[PDB]
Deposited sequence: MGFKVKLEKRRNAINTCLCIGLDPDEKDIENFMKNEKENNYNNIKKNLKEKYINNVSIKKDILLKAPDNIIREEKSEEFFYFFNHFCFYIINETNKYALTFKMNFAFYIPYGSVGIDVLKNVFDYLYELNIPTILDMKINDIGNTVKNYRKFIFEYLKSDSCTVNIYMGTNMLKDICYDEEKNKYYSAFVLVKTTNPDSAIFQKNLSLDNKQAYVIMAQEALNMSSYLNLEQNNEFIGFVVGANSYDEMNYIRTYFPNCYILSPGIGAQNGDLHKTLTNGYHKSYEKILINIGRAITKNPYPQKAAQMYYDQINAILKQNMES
């Protein structure tokens, strides 16, 4: 298979480049738990009705139980239960509008092992749905060490891709995007330090040099001829560089976070490609913190669809 084909197939199915950020914080998990009591568990019920909850591989028995007997018959699992169910709830509500889901590792590690159990189920649940995944972990270390991340991200989680910080060098990508032993190829987006509108105006630039080296690495690793890629993480408000990157590297993959305050049209237009899986537009909290998540997602899906229409021709 391979992330390039996976992205093209789903783009041809649902015609968007919306990437939905799944970054649940402590207040999301508590606020979910609170109005799932005031709801008589309206949303957890629906979660309970989908094939796929039966296919997550960590503490499934606990997840499958009814909420009312979870509260009082398993208090040490209440947080686990409600964390995991909040994420399914967002996935169930929004997935029809999402080209990809991006999970930031930061939101899943601060409670210890427990959030990592959740993460794994999230990636299991998304895998069954065959929804393209990005783990936003921004991994960075020397080659020998980063292989632990390749294993966690691509073997344990079975992610399609991850974000990587290559400040200290590109060679780390060898051991992230490629496994010699298994003959496996994985995709990544590298962080690019770009200017914002403030810093743009204040007095081969360095990021162009680092971007070339990343794509040279992709080429060296034969990634594309194996349907994988190394792309770029380009800030939504970095209009100049977004445009320069799309111009100078015509067919590169971009992931663009930070719209949520942002001008959607301006970001998507500067990074536009007719194969618009190449310009992923990440929206997190504007969807996941909206009291109506499916509707918030539709709205962005629709906004994006109008911009693509205009870009295709106007």
Could you sort out which parts of the deposited sequence are absent from the coordinates (no C-alpha) and give them as ranges from 1?
204 to 210, 268 to 269
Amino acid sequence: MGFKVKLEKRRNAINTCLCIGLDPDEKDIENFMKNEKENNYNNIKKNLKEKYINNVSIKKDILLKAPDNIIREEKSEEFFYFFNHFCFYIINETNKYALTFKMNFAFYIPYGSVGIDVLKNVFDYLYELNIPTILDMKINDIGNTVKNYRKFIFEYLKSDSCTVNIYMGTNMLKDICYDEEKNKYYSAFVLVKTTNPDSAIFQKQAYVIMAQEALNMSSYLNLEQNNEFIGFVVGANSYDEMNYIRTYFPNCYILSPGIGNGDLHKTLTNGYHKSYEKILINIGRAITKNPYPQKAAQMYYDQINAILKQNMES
From here on, numbers count along this sequence of modelled residues.
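Superpose the two forms; the largest set of C-alphas matching within 1.5 Å is the rigid core.
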Core-fitted, the stretch whose Cα atoms sit farther from this form in 7 other deposited structures of this protein, 190 to 198 versus 168 to 176, is 190 to 198
Report the stretch with the higher root mean square CA deviation, pooled over structures and residues in 7 other deposited structures of this protein, choosing between 116 to 124 and 209 to 217 after a rigid core fit.
209 to 217
161 to 169 or 191 to 199, whichever carries the higher mean Cα B-factor:
191 to 199
Which of the two stretches, 18 to 26 or 289 to 297, shows the higher mean Cα temperature factor in the record?
289 to 297
Looking only at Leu221, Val208, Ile71, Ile134, the Cα with the top B-factor belongs to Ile71
Reading the B-factor column of the entry, which of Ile283, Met33, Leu280, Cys252 has the highest value at its C-alpha atom?
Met33
If you rank the chain by CA B-factor, which third does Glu78 end up in: lowest, middle or highest?
highest
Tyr239's Cα B-factor: lowest, middle or highest third of the chain?
lowest
Entry-reported Cα temperature factor of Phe229, expressed as the chain third it lands in
lowest
Tell me, lowest, middle or highest third: where does the Cα B factor of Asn95 rank within its chain?
middle
What third of its chain, lowest, middle or highest, does the C-alpha temperature factor of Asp141 fall into?
lowest
